[PDB]
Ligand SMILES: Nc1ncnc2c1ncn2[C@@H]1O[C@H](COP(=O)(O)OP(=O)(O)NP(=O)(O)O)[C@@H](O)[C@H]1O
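The chain below stands alone and is given in structure tokens; this is the form solved without this ligand.
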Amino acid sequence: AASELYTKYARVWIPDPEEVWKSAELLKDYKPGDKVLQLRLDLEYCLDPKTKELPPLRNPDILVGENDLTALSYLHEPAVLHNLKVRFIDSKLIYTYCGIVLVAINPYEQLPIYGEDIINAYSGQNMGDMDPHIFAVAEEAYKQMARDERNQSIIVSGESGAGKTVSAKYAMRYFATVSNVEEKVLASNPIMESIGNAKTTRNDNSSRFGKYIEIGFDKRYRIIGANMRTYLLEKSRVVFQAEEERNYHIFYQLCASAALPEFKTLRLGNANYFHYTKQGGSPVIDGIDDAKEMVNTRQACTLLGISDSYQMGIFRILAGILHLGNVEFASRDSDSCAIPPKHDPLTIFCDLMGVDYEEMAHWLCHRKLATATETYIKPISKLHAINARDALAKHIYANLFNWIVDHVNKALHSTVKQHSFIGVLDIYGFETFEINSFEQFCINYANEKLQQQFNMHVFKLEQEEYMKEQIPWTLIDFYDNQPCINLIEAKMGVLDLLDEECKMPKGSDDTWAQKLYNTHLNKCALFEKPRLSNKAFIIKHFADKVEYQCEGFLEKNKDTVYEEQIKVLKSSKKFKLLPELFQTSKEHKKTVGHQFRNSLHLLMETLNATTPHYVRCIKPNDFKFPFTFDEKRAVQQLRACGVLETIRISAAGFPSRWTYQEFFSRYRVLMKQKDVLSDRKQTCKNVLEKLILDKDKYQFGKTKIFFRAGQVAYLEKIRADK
């Protein structure tokens, strides 16, 4: 250990409120068992006696600025941060490899780096031969489709507004130029934002679901079309919104265009008139005109062949849902309830939908149970009827969302047989607010799951690198997320309990919290309980520790739709769409948690049947400013992307990788001609066996030396000393 690196004139990184880290030289040599550190930025950094932990060391210049983050010798947050910052600001480079990962910082301006000249430079090349570019990732995907006879997936994660739609477009521009999909898929984006995005406390245009777009190729490996799948939809949002948040964009679009002549009939008020759209107390997004955004959505529908008729159907269904949310209930007693007579909301529901007020009014307040003997109808509480109303709304929405996806798909599908595909996934990354609820819990769960599948891919490839290089592959450690995932999704886990409790007549938020404690507290390290509360739990997620408020969890998870409620609607006539939506019983007993898990294992299956490549998209600042880099936002983004964990894992094995030549040709000056044999590979072994005495700071393989973190910076320092 000794630690003869904290010398005098050695750079380190210390913390900083405005920049997160400040670069700080040295004045005095650090003495073992010291407690100080004199620095001329001038202060005396004082470490804490128990931690006795030194600030992270800075990297030597030959490595600063590198195209690959895992060629830094000191792999830590500052180095990563500093490296991304100088490339972006000084050199205007948006793309940086992180091992097999592409990091893409959104520059908030159009760059002249996507033309045919550049495309051509990248066709044929191998990964890493050239400078990092989204095109390189496309090339790999395309090249490998052809040589492995196997479909590929490019996963593009990050917060919406971070440049994922740009990344997908240029993967498509690239695919279409080395082999009219791109124009058609981008024309669909506004259809898909209107129904799947929504304002939250932290993004005015957050995407609440995963979009996978399979780009189809023929046997001559040319593009023929596209097919979109979707997963992970936040159904909760359709009927509940937190303070400051909104329902899906399309609902608000519709209610700010209520006065339009052809929506007279939908008798829409403004967005504060509807239960399903006013809970957040903020119907207008500053700088956003919901009425203007509606014309883009229809234009988009028109452009993917959705007829003005079917379009009118969409908004008929949606006005439907809104009005449904206003159906009020009066309970007769704990066990039953009724809809007031001559009740406006359901009058309008029923006129729009094309059904009988009375038959609806009835199955809104009753329930058909069936047993082997026979069947019977019972009344149901005001509460169970809210839950059924909401479930119906959610079910209408979900199936309207699938309807609209099928019909985009018809505009995208090709007749030519398809031999293979490359799917671009547009998924979110980690989400933490000051207050966290069911929705964040779902995003984070998906994120552990996408992180595990990434870790296991990297780990396969490392094992493969080791076999080739003739180092024993079992020497590679795995950093496993399966315990956090079981804690969430396995028998007796968070979601299983949430299900159980939801079925208990007396079960509430506080009684589920208690089952969480009695089952996991002090019995699972990934599970903490805040010392000062009984209504919150904590999960040690890979990227960060997250506190969840239990409020709302039991209601949001419930999702039992009643078949009688459906069949009423499944039988309209004054309206072609509505019955189309519903063209069984176990599937809709299922909670939102449970459906989420199914959608998520659907998504993993899809990706596991393919070779994945990875792109991480970050926002450098909070205002869409061109080439501007805010350190606090950068770290948060890289963290929520998994890049900081990716880099930690890397930093714990043998990240630096020099070929024997690269090494001889850098460190020739460090050896004496006496020890320079005719065998190059053997000289280096001997030479380095002297220069670094401890043997497990590096592994010798066939063609490369593999180094521990800091060993190249050590080498480079004694190249300067001389």
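All residue numbers refer to positions in the sequence shown, first residue = 1.
One more form of this protein, solved in complex with this ligand, exists but is not displayed; see below.
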- prompt: Do residue 109 and this ligand share at least one heavy atom pair within 4.5 Å in the entry with it bound?
  reply: yes
message: Is it the case that residue 486, even though its partner is missing from this view, gets within 4.5 Å of this ligand in the entry with it bound, heavy atoms only?
response: no
query: Any chance residue 207 has a heavy atom within 4.5 Å of this ligand in the entry with it bound?
result: yes
message: How about residue 166 - does it come within 4.5 Å of this ligand in the entry with it bound, if we only consider non-hydrogen atoms?
response: yes
message: Just to confirm the contact call: exactly one of 402-410, 123-131, 101-109, 358-366 touches this ligand in the entry with it bound at a 4.5 Å heavy atom cutoff, so which is it?
response: 101-109
message: Under a 4.5 angstroms heavy atom criterion, identify the one residue in 575, 95, 512, 548 near this ligand in the entry with it bound.
response: 95
query: Considering this ligand in the entry with it bound, which of 459, 315, 212, 114 comes within 4.5 Å of it through any heavy atom?
result: 114
message: Heavy atom within 4.5 Å of this ligand in the entry with it bound: which residues of 596-633 meet that condition, in order?
response: none
